[PDB]
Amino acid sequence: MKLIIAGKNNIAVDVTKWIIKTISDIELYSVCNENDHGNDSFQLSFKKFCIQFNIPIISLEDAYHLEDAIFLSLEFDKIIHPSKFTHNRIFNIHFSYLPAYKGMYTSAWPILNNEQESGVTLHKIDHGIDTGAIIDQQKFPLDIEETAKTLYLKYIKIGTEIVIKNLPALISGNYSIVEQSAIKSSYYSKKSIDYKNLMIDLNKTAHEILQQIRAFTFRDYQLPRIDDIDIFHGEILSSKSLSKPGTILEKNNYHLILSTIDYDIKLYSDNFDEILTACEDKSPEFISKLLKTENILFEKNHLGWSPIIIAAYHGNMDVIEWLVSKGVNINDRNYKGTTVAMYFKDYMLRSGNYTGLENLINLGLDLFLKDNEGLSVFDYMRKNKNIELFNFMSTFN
């Protein structure tokens, strides 16, 4: 068989990796999205990956003429018409529990509409928008403080899994379909949200305002901004101003308080930059007071730097352990795949203090992971001839 993987991001990358590890005899090809210019971001560039792993990249046009192929769209950006192929072995992963939420912005809309869950759906491509028969789908609940970013990461992940579970069946042809019901079918278009002129409607209830805030929270693209302040989460108060919804009751460095249709809301200014800086050398105590929401402890900057990555690079041992106690991953990575252990090794090197490593190993620090270049911490130390640190790190299980 030939297998054509058209799309982008960690879903296209991780499915392709699994195929490589698991299916030989398959002849792989890649079609990439138009805005994929080779740059890794909060997601990997699938184009860069394919070039490095020698997966031939072809045009959508070339894809039409391949016979004895399977075509699989993973967040692909161009319309695929099944009449342009000799076969009907054409599949898509859609980021919703179809028939609901066909179309665009499916990381926002379920939140805006205050859904209790969402899902991912594997289905056949037909001529229209997310309309072809369903092969498989899985659902999952939305968290109370779900954001568009957290939702999107759940899609990437569940999408990847649902594809890998179904791949053998698509390749063999031994899978079932069910036509999508008309009932409960919904669709949003490109025009349904203007991200370049985002307005929060403040003539709304506290809950509705917060749902809009959280729907529009996706740091790599934007934070919601109100009265010139970037907002990162908030809360519903018990007070109820008599003033008109939208009235600013309080504005300072820390927060905005607004009158709504029902209960006043408190909206936290974003202090993520201040948090990262604090993680360099302040105590867990200092950080717990600086933060307004514990969600900020799992945020990452444009490089993929999280609080734990800062604490590790600066050898701030108390903050590392505290963050872990709040459910932060001790083996967190930046966007190049560089791990906590890699950062903490740098601190060991620069400082000459090796005494903290044991603690971290005990907390589950993994020395054997590899970055996106396929190198471990050991490959780095060998390469840079840091042999005494290599050997000290090598004693640990």
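The first residue of the shown sequence is 1; numbering continues from there.
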Taking the mean of the C-alpha B-factors per stretch from the entry, tell me the winner out of 128-136 and 169-177.
169-177
For 91-99 versus 249-257, entry-based mean Cα B-factors point to 249-257
According to the Cα B-factor stored in this entry, which of the following is highest: 233, 157, 244, 314?
244
Which third, lowest, middle or highest, does the C-alpha temperature factor of residue 386 belong to within its own chain?
middle
Comparing residue 153 with the other modelled residues of its chain, is its CA B-factor in the lowest, middle or highest third?
lowest
Once the chain's modelled residues are ordered by C-alpha B factor and cut into thirds, is residue 1 in the lowest, middle or highest one?
highest
What third of the chain, by the recorded C-alpha B-factor, contains residue 361?
middle
Is the Cα B-factor recorded for residue 52 in the lowest, middle or highest third of its chain?
highest
